[PDB]
Structures are given as C-alpha cells and as structure tokens.
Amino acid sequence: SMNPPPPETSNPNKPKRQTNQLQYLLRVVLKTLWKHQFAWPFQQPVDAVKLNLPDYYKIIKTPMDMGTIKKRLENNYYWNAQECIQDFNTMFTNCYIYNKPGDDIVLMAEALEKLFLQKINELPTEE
C-alpha cells in the first residue's frame, strides 16, 4: 500500500498522565474542532491510496490527524498538554508543507488552526 501504518493511539509503554489541561483539550478543543464544518478531511489519517496522493507520504514523514488525537486523548495517551498541542501543530504544519497557497485543504487547516489557537488561549492553569 501507499499508506504507512497509522500513528499509534495506544502503547502500554507510553508514560501517561491525566490533567485538567488534557481534559480541556478533549472536552473543549478537540470537541470544538471535531464538530466544525471543515473537520472532515482531518478526522482520519490521509488515505493516499483512495485520494490518489502518491507523493503524500514521500513528503510527510510525521503524519497526524484529529482521529488519532481523539483516540489518544480518550486513551489518556499523553504525559502533558504540550504533547497533545504538538500533535495539533504537526497536523496543521503538514498541510502547510504539502499543499500550496489557495488549496482547499490549506484554507480549511488555517481556519481550524485559528479556532484552535483561540481555544488554547483559554487553556486552564494546571491544577
């Protein structure tokens, strides 16, 4: 297949915590972006086979998507909020690497990223 194995959503050896910040990332940030009208391309790994993107995984070596992030949050996969924020950042910046200006996906990513940043600016202080 053109598609690599998807990023893991669990691993017994991953060190894991629950924090109020991670809870906010699931209950507010992910939830808000998941229900957005532009979420749909980002709700699962890029399927380069079905979508006829034979160079996608030639260019993008650290893929990420919100389906993966959602499952990671549900599985308490993260050690801290920063690890989760980094996955969102990877998701957005992969688009800015792969796509060109004006592409549908890049305009959608930009809108979701603006909203992400607005929600992350209200991340609670860790208790």
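Start at 1 with the first residue shown and count on from there. Basically, rigid core = biggest C-alpha set you can superpose within 1.5 Å across the two forms.
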Self-check item: Of 8 to 16 and 106 to 114, which departs more from this form in 8 other deposited structures of this protein by CA RMS after core fitting
Solution: 8 to 16
Quiz item: Comparing C-alpha positions in 8 other deposited structures of this protein against this form, with the rigid core used for the fit, which stretch differs more, 59 to 67 or 94 to 102?
Solution: 94 to 102
Quiz prompt | Candidate residues 93, 32, 62, 86, the one whose C-alpha B factor the record puts highest | solution = 32
Quiz prompt | Third assignment of residue 100 from its chain's C-alpha B-factors | solution = highest
Exercise. Quick one: classify residue 81 as lowest, middle or highest third of the chain based on its Cα B-factor.
Key: middle
Self-check item: Position of residue 72 among the chain's modelled residues by C-alpha B-factor, lowest, middle or highest third
Solution: lowest
Exercise. Pull the Cα B-factor of residue 108 out of the PDB entry and bin it into the chain's lowest, middle or highest third.
Key: lowest
Quiz item: Looking at the C-alpha B-factor of residue 49, is it in the lowest, middle or highest third of its chain?
Solution: highest
